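**Q** sequence? don't have it. structure:
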Ligand SMILES: N[C@@H](CC(=O)O)C(=O)O
């Protein structure tokens with residue numbers, strides 16, 4: 001076709017980066033000349049199509065890949081990896097949100113759920129209904145249950161049941177391997193989408209990011225970088241794995257999660273960098289699709305610093321906010337959020353409705369609107385630390401096995 005084949009000749013991460021750079025440059029130039037409605041009605045629909053594709057991909061890829069993932073064995077490896085991976089994700093997410101409580105105290109703010117039905121909603125009251133209407137967490141539950149039942153059926157004695165279980169597992173594996181090819185097809189289109197998205201985001205609200213609300217995003221970025229270098233480095237340093245080689249060996253997945261702003265949009269490159277890391281296929285194949293959508297350390301560290309930006313601009317106080325329930329509801333919102341770009345803001349609204357200062361006041365929508373505008377640049381570092389937390393967990397359970 002001509003220049004199209006040269007466009008599918010470049011490597012991907014030497015192209016999404018040039019899209020981000022030439023999006024931020026043209027966004028700043030068109031923000032210095034006041035073309036904000038021009039970008040918002042001409043260039044932003046490409047980024048909205050990109051976000052539409054990354055939302056489309058998440059629901060088959062969290063079901064079929066997770067059913068295939070729960071086919072190592074039923075008892076031993078699955079049980080031990082399950083317990084020592086969910087408690088690992090819980091401690092990493094809780095340490096991230098208590099770092100967020102630690103943050104915005106050395107840093108500054110910017111001036112200018114019935115508590116058991118949330119856990120009972122994990123069990124889906126209808127599996128196809130909880131697969132249609134979003135609901136990533138009950139889809140995860142039903143997918144793990146179906147995987148365990150399929151790996152029980154494959155060890156049966158009747159030949160017809162064995163053939164039927166093998167055919168069902170091969171069908172779901174065909175869907176889970178077709179969704180990765182659709183991910184590759186989307187991430188070929190990705191530089192146009194990230195160009196449009198960062199162009200609009202730098203144009204509309206990002207023109208004054210460094211003037212005011214610079215200390216909140218400085219708090220987010222310094223907290224995420226210190227989260228990396230003070231949790232993941234020490235967790236690789238406990239179990240005897242050199243972590244600078246871990247960054248230089250997983251920088252592929254780190255960078256594509258940094259630019260595409262989706263944890264579940266970087267699942268194939270995270271799987272290929274685990275195999276290029278050589279973790280082992282049977283030991284990552286369950287915990288990477290689980291960890292892609294059950295632990296988000298970026299949103300966990302992000303909800304605390306967002307609630308401290310809102311509550312310390314014009315809010316009640318910090319100890320009247322009762323930070324322990326902020327930690328708990330932020331861990332729950334990190335667990336229950338999806339892997340799309342603009343996901344954690346809605347769960348942040350859920351956190352604020354659940355802990356205090358709900359979204360009805362005339363001085364809470366004005367603080368939330370600025371962070372809804374600036375959410376798109378924080379999503380980058382959020383998904384970056386999420387995918388490298390997944391990779392860190394896979395390397396840890398590679399060590400203790
Ligand atoms: N972008 C995050 C969610 C968020 O921070 O809004 C994810 O893909 O999981």
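**A** Yep, that arrived. Numbers count the residues shown, from 1 in each chain.
**Q** Can you give me the neighbour number for residue 170?
**A** 11 (other C-beta atoms under 10 Å). Every residue, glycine included, has its C-beta placed from N, CA and C.
**Q** check which helix or strand covers it.
**A** helix 159-204 (DSSP states H and E).
**Q** C-terminal to that helix, what's the next element?
**A** Downstream of helix 159-204 (by DSSP H and E), the next one is helix 214-227.
**Q** Other residues contacting whatever helix or strand comes next after that next one?
**A** Sequence-wise, the next helix or strand downstream of helix 214-227 (DSSP H and E) is helix 233-238. By C-beta atoms under 8 Å, 6 or more residues apart in numbering, the surrounding residues in contact with helix 233-238 are 242-243, 246, 392, 395-396.
**Q** Run through the neighbouring helices and strands of the helix holding residue 170.
**A** helix 16-31, helix 36-42, helix 44-56, helix 58-69, helix 136-153, helix 243-260, helix 267-277, helix 365-399 (3 or more C-beta pairs under 8 Å, 6 or more residues apart in numbering; DSSP states H and E).
**Q** With the ligand as the reference, name the closest of those helices.
**A** Nearest to the ligand, of all the helices and strands packed on helix 159-204, is helix 365-399, at 4.2 Å by C-beta to the nearest ligand atom.
**Q** Give me the angle between that closest one and helix 44-56.
**A** Interaxial angle of helix 365-399 relative to helix 44-56 (axes from the mean of the first three to the mean of the last three C-alpha atoms, to 10 degrees): 40 degrees.
**Q** If you count neighbours, what's buried in helix 365-399?
**A** 367-368, 370-371, 374-398 (16 or more other C-beta atoms under 10 Å).
**Q** Also near the ligand: which of those residues, exactly?
**A** Restricting the buried residues of helix 365-399 to those near the ligand by C-beta under 6 Å from any ligand atom leaves 379, 382-383, 386.
**Q** what about stretch 289-301, start to end distance?
**A** End-to-end span of stretch 289-301 (C-alpha to C-alpha, to the nearest Å): 21 Å.
**Q** nope, stretch 253-273 is what I was after
**A** In stretch 253-273, first residue to last residue: 7 Å (C-alpha to C-alpha).
**Q** what sits against the residue of the stretch 201-350 of the chain found nearest the ligand?
**A** In the stretch 201-350 of the chain, the residue that lies nearest the ligand is residue 344 (2.9 Å; C-beta to the nearest ligand atom). Residue 344 is in contact with 296, 298-299, 302-303, 333-334, 337, 375, 379, 382, counting by C-beta under 8 Å, 6+ apart.
**Q** Make CSV from those residues and add distance to residue 46 and secondary structure to it.
**A** Shown next, in CSV, are the contacts of residue 344 (distance: C-beta to C-beta, whole Å; DSSP: H, G, I helix; E, B strand; the rest coil):
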residue, distance to residue 46, secondary structure
296, 26, coil
298, 25, helix
299, 25, helix
302, 26, helix
303, 29, helix
333, 30, helix
334, 30, helix
337, 25, coil
375, 19, helix
379, 17, helix
382, 22, helix
